Amino acid sequence: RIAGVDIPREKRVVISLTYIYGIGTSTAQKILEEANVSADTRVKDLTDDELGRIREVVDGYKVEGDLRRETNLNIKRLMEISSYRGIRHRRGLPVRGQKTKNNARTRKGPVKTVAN
Amino acid sequence: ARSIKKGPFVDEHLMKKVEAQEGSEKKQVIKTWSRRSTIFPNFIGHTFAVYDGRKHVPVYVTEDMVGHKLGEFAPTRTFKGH
Amino acid sequence: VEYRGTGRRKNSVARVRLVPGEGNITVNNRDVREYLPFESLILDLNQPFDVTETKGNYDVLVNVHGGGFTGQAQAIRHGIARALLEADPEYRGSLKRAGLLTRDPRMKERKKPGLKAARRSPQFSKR
Amino acid sequence: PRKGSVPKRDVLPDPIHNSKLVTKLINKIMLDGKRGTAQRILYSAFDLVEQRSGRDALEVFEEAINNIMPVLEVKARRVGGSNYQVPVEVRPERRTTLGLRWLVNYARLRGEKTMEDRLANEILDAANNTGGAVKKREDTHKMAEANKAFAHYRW
Amino acid sequence: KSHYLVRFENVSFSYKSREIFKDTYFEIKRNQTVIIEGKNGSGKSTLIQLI
Amino acid sequence: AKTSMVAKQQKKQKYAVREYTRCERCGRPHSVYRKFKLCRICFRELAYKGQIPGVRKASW
Amino acid sequence: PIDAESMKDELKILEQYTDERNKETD
Amino acid sequence: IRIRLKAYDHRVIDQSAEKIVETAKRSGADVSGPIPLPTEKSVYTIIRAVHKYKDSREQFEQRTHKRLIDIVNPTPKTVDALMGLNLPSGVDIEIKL
RNA sequence: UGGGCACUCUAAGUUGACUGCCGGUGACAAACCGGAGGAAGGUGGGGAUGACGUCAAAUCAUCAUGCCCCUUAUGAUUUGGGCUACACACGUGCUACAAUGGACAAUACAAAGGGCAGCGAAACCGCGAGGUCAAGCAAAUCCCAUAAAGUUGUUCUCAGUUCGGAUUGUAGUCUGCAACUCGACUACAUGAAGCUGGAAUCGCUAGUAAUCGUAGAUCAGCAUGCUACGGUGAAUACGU
Ligand SMILES: Nc1ncnc2c1ncn2[C@@H]1O[C@H](COP(=O)(O)OP(=O)(O)OP(=O)(O)O)[C@@H](O)[C@H]1O
Ligand SMILES: [Zn+2]
């Protein structure tokens, strides 16, 4: 309603303004400086006085599809020039200098206990 | 990395032998060690032979390389599988 | 006509100054109930005042240094009581039976090497 | 220990209720070394309970630690193929250590929100012989009954 | 993978003249087995309806 | 090894990121103080004879 | 309640030992 | 007129200080009795083992003691003893005039 | 702060603690339990201090060296790579799974140590890491230095959540000839497994365990590690 995302109801407006991919809590409580809502009211209690005036800066940024494959291309260029990174994407490992002999279990799945 | 107020770093001889055939007929591969120098737009079209430790492995500089380092595109370790 | 006494406790040093007056205690430009955050410490640093049975006769007037709130609320009580065997030193039979003229030597302990603390060893696995 | 015995440590009364059964209940409540946030929970549950029930705050708490005082209990030996649990009688100062932790760890096991009132709903239910803490001088009181047979193996 | 399944908060109910439950508490935690008792007309099959 | 590597450390090297200390009694890179220029073996082996001023043990 | 007066009752049965039976012929 | 005293041992930092302050009390001038200042202990723990045994360490240290001396009435003949070099080879004095 | 050496602090000297004393169980004779002057009472509390030997334990790589080897090399100088590799199994830690918590505001109280081509204030600029100017201090004076827990408040109200902060894309700041393989920090977005742990297993008897913060040596740069330091501070020891 404020985007393709429908931020929930029964929530402070600056809380549910975190529900959108692309805006956390630093863009969620000075998004209320373009429009002017107290940020402490529930989303169940405001009219469309600001309900579009919060729908105007919500598009001033790049949000939820405007951003997702935005940063699937930037993690695609690193596969197509073939830099260092990306072969650590197009393998499945950690790409900065995170070290891989001991704790690398977010890039790699769960364990594969093998034979000793 | 380096900064805004410092420039990019290119190793002072990877430019002279590149801005020495500024206006020349062909491109022969350039023999390098400086894996550490950044890539300018100037290199666009070049294929350098960088050093990955034992062999000069060649890559040809294109226009999506134009913010990278010379040695991001030359492996140092070898790992086929366990 | 004020009495005198220093008492210490645990790296706090507090200089206390018994006067003739009514129940009230000022510490470092402040009322000690702004100084002290628990009602636990303001009950026993006037332990001297209920052992001798002179509950309200003095204004207190402390000067403190070092430590934290327990050791300062407790270096004091060794001032109130080492300024009252100085007024009537013949009070001294009974303010010393409640165990109130001990300095209380229990300080904080060296750290030892190859131990993670004073007395805390590292985790032992044998295989 | 082998060489003998020692003392305990003797704590001076509360400011307010004027017992040492409420200073030794903060030392069960305190944790990690923080007597700040244990004296909210213990003076905000004498007046979160003092509303609910119209008698004093300290006679509905002190009857809430005397249904919990286990009078018997089991201790162990071996045999050489069995290991029998003997029932022994409990001293007059160990029933006061256990009643005061059978009341404070049966409070983190409760489905209220803030431990002002877990400790508050547990001093008012335990005052009526019921609930958590005060079945456990009944867990612990059949085991000294089932084992009423092996009493002669005592010390 | 949690602690509590259902809960009551001073719940009451009534069948137009019959006052089945006054304010009561009820709880079922993860991996438990509850056995409700009573007699005929106590309110067992109407407690299961409140859930 | 030594007696080749120490005579390339008493020699001013190019970029001053490149002055590793390396003890001036024996030659050891490895645990070397600045106030003494004496590694952990030689501080204990010299402060025992008594030829390092003002030093004793500590027993606090 | 279990009525813990067993404290008064498991004190007579405490004294029939395993060796007290060995003695005291009938 | 402000002077400072140093030494690793205290035995020659009072054998010096309160030895020559009455080299000022010789003539007409009086000096403040020597004021001790906060002394320092440095400490260095090292490894006893020449090889693989942390957890067995050894500590040493080295102190420096400090002493204050200041006089209140210098004459033309109370600083002509400035070069009365008789201090026993360890002390280090600080004169700032 | 003018003036003062009282108070307390600094540190030299010198007091002090010995079963001296005093009851009564021991006549093996030592000792043991209790008591009263005391700040502390029974080797006060903690340290250094490690016998004869055991393990042909560890170290020829910090150093020295008997015997045997190499000597246009098994020696010597550079650039770049490597010790940072990742189906995996183990040892030590750290961060949490929240309501005795998150968040964001007012507000107190320690010590122990480092500091010259090195600490680096106040002012200004920056959402922030930090930048430009720059006083003072070879330092009980000045700087690092806010202690964070704590306390008074508004608030959120049991949900993988405002919990938790992995993993990534972005845009930056510093040091350095240079952070590409491979440094710390900060902004915005991303929002991973984790609801208190199977078999078994570990530390600790008092200002100790637990939590909380500060500080040093190595060091251009980089710590969750090691050696220190203090604030708040329990629970239990019947016995053998
Ligand atoms: N629709 C209704 N209107 C009015 N009263 C009702 C209604 N349904 C049930 N009751 C009353 O509620 C009471 C309890 O009903 P409930 O269904 O709980 O019985 P129960 O406890 O399940 O009995 P059983 O255990 O034998 O099944 C009964 O006494 C009945 O009279
Ligand atoms: Zn050496």
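Please work out the C-alpha center-to-center distance from the stretch H:19-90 to the stretch D:80-139 and express it in whole Å.
Here the two parts' Cα centres lie 66 Å apart.
Read phi for every residue in the stretch F:18-34 and hand back ³J(HN,Hα) as whole Hz from Karplus 6.51 cos²θ - 1.76 cosθ + 1.60, θ = phi - 60°, with x for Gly and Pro.
Values per residue, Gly and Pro as x: 10, 10, 7, 5, 6, 2, 9, 9, 9, x, 10, x, 10, 9, 10, 6, 8 Hz.
Among F:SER59, F:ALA16, F:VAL6, whose Cα projects farthest towards the positive end of the dipole of chain F, with charges put on the beta-carbon of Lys, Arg (+1) and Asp, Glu (-1)?
Result: F:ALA16, furthest along the dipole toward the positive end.
Considering only DSSP states other than H, G, I, E and B, which GluC sites (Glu not before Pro) in the stretch A:16-96 qualify as loop sites with at most 14 other Cβ atoms within 10 Å?
Counting only loop positions with at most 14 other Cβ atoms within 10 Å, the GluC sites (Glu not before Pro) in the stretch A:16-96 are A:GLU34, A:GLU56.
Using every pair of alpha-carbon atoms in the stretch F:2-60, split the distances into 5 Å bins beginning at 0 and state the percent of pairs per bin, rounded to integers.
Calculated over all Cα pairs of the stretch F:2-60, the distribution is 4, 17, 23, 21, 15, 9, 7, 3, 1, 0 percent.
Tell me the relative contact order for the stretch F:2-60 as a rounded percent, counting alpha carbon contacts under 8 Å between residues six or more apart.
19 percent
FRET efficiency for H:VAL50 and A:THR71, Cβ-Cβ distance as r, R0 = 51 Å, nearest 0.05?
After rounding to 0.05, the efficiency reads 0.40.
What GluC sites (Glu not before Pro) does the stretch D:53-91 have in DSSP loop regions with at most 16 other beta carbons within 10 Å?
Those that pass, being in a loop and sparsely packed, are D:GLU59, D:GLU62, D:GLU63.
Tell me, what ³J(HN,Hα) does each residue in the stretch B:32-46 have, in order and in whole Hz, if you take phi through Karplus 6.51 cos²θ - 1.76 cosθ + 1.60 with θ = phi - 60° and put x for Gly and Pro?
For the stretch B:32-46, the Karplus-derived couplings read 10, 10, 5, 6, 9, 6, 6, 10, 8, x, 4, 6, 4, x, 7 Hz, x marking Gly and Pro.
Treat the stretch E:1-44 as a sphere of radius equal to its Kirkwood radius over Cα pairs and apply Stokes-Einstein at 20 °C in a medium of 1.002 mPa s; give the translational diffusion coefficient in µm²/s, rounded to a whole number.
174 µm²/s
Rounded to the nearest 500, what is chain F's calculated 222 nm mean residue ellipticity when only DSSP H runs of at least 4 contribute -39500 (n - 2.57) each, over all residues?
Rounded to the nearest 500, it is -3000 deg cm²/dmol.
For peptide B:70-78, compute the average count of partner chain beta-carbon atoms within 10 Å of each residue's beta-carbon.
Per residue, the average neighbour count from other chains is 2.
State the three equivalent ellipsoid semi-axes of the stretch C:35-127, derived from the C-alpha gyration tensor as the square roots of 5 times its eigenvalues, in descending order and whole Å.
Computed over the stretch C:35-127, the values are 38, 16, 12 Å.
Could you give each residue of the stretch B:56-62 its phi-based ³J(HN,Hα) in whole Hz, using Karplus coefficients 6.51, -1.76, 1.60 with θ = phi - 60°, and x for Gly or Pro?
Working through the residues one at a time gives 6, 9, x, 9, 9, 6, 10 Hz.
To the nearest 0.05, how large is the calculated FRET efficiency for D:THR130 and E:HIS3 if R₀ is 25 Å and r is the Cβ-Cβ distance?
Plugging the Cβ-Cβ distance into 1/(1 + (r/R0)^6) gives 0.70.
In angstroms, what radius of gyration and Dmax does the stretch D:6-155 have, counting Cα atoms only?
Here Rg and the maximum Cα pair distance are 17.6, 57 Å.
Suppose we look only past 21 Å in the calculated P(r) of chain H. What percent of the Cα-Cα pairs does that tail hold?
45 percent
What do you get for Rg/Rh of chain A when both radii come from the Cα atoms and Rh is the Kirkwood radius?
Here the Rg-to-Rh quotient is 1.17.
Amide H of H:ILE3 versus every other amide H placed in the peptide plane: which residues, excluding those fewer than 5 positions away on the same chain, fall under 5 Å?
Residues meeting the amide H criterion: H:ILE69.
Post the alpha-carbon centroid distance, chain E to the stretch B:26-52, in whole angstrom.
77 Å
Given an 8 Å cut-off on Cα distances and at least 6 residues of separation, report the relative contact order of the stretch D:6-155 as a percent.
Averaging sequence separation for qualifying contacts and normalising by length gives 27 percent for the stretch D:6-155.
Please work out the Cα convex hull volume for the stretch D:62-111 and give it in Å³ per residue.
102 Å³
For the protein assembly as shown, place one equal point scatterer on every Cα, skip the solvent, and apply the Debye formula. What is log10 of I(q)/I(0) at q = 0.07 Å⁻¹?
-1.16
Please find, in a Gaussian network model of chain B (springs between Cα atoms separated by less than 10 Å), the residue of B:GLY71, B:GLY53, B:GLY23 whose mean-square fluctuation is greatest.
Answer for the Gaussian network model of chain B: B:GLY23.
Taking only DSSP H segments of four or more residues, each worth -39500 (n - 2.57), what value at 222 nm results for chain D once the sum is divided by all its residues, to the nearest 500 deg cm²/dmol?
Estimated from H runs of four or more residues: -3000 deg cm²/dmol.
With a cut-off of at most 13 other beta carbons within 10 Å, and DSSP calling the residue loop, which GluC sites (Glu not before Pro) in chain B qualify? Please list them.
Passing sites in chain B are B:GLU12, B:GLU19, B:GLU22, B:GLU25, B:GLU63.
Please report the spacing between the Cα centers of the stretch A:5-67 and the stretch D:1-46 in Å, no decimals.
If you average the Cα positions of each part, the centres end up 50 Å apart.
No Cβ is skipped: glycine too gets one built from the backbone with ideal geometry, and neighbour counts run over all protein chains shown. Each value in this text was obtained by applying a stated rule to the coordinates, not by laboratory testing.
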